[PDB]
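One chain is shown next in structure tokens, namely the form deposited in one PDB entry.
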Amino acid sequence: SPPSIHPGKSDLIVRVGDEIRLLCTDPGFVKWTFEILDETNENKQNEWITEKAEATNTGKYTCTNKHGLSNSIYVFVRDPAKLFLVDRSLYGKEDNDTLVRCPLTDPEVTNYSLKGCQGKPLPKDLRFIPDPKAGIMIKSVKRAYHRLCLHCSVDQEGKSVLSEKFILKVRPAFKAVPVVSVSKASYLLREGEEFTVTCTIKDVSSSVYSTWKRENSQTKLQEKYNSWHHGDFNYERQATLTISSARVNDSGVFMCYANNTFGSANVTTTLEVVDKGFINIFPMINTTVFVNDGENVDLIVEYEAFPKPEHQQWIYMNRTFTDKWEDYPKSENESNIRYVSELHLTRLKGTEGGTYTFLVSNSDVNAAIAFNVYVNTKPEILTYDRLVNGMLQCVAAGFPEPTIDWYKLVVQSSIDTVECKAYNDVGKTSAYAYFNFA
């Protein structure tokens, strides 16, 4: 059967500077043990006696035996000088009760309660349970109480008294996943360039955990970190991968991953590493082109070029152009390797049919595509002449070849008001002779 103590009473009140005497009656007695706040004492004698109590002698005193059966006393050293013992580190986790460590030295007091700093009120929904032996306990600490500051308040002789400040820190409980973003959705690098992507993780706490993984590889990558606190419950981390010198087999998907007690987010970037640069060219129209006299035409290439192309030029019959061609990337997005080149030719003259070439270069490669352009023309009539034999001949010059009727490629037609008229798919032109006979 457990120990028994003299004084018997569960609660004892002693004046400051009074003597304290407790005796525990146990053939199996082992120790007195005394606790308040964090402080501990343990004493070997079956008597615990103290000649002059100080306020910090307030607390709980427990007698225990070789069975481990125990019996307890709590002692209040009433000292008018300070009513509270305080232990002032007041951390609390969100959604959890949180104790404010202001146990009393005199239990014979009224209205023991919790109250704000500088006469500011407490948040309206904050509620608490008081306890002289332990302190005053704040239920269900919310984020709105972060850095809330608090006094412990007690009414004595009809007059109200305050402890030293307490400032309530709040460890947030996670209620959403970390939020993750990456500087570039995908990369393309010439072999030997330096891959460097930077994740960004945002959460309420710096105990969010984040890593970079080469997909289908478990191994750890090297990385460098920077992080900031942007006010309360707002943390941001930036984690930067680098492959110091890209090799071809580094092509793959990297994943940036972030999890907290609530859940997980990942965000991924994909790297292509190309052993040497390239250009590929596609004409948006047949390379052979036909135009009529005075007609209008465009020449159009689309090409994919990495690295970004450095010289773009258009040449006609080995003589270069300017002021007639437009160059633009095909899409806006920052992953763009594809480009469009157009040349515009206006009301083309008959002589300007020929060959037109487009030349593009980057460091690695130089590539050409060539276009063949035929200016059709109305037949035009060169000679109408009557020869010594009495014959008369018409000549027409055209593309496509003229056909000749009587009423560039070059055609001549011969005969023994006459008219010569020369037609092809573009038009007609005609030349005149008039004859009288006697």
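In case it trips you up, residue 1 is the first one in the sequence shown, and so on. Think of the rigid core as the biggest set of C-alphas that the two forms share within 1.5 Å after superposition.
Keep in mind the form deposited in another entry is missing from the figure; the text below concerns it.
Shifts of 2 Å or more at the CA atom, core superposed, between this form and the one not shown: which of the listed residues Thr33, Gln393, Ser70, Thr56 is the one?
Comparing both forms, the shifted residue turns out to be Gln393.
Relative to the superposed rigid core, does the CA atom of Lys428 travel 2 Å or more between this form and the one not shown?
Yes, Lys428 moves 2 Å or more.
Has the Cα of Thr383 moved 2 Å or more between this form and the one not shown, judged after a core fit?
Yes.
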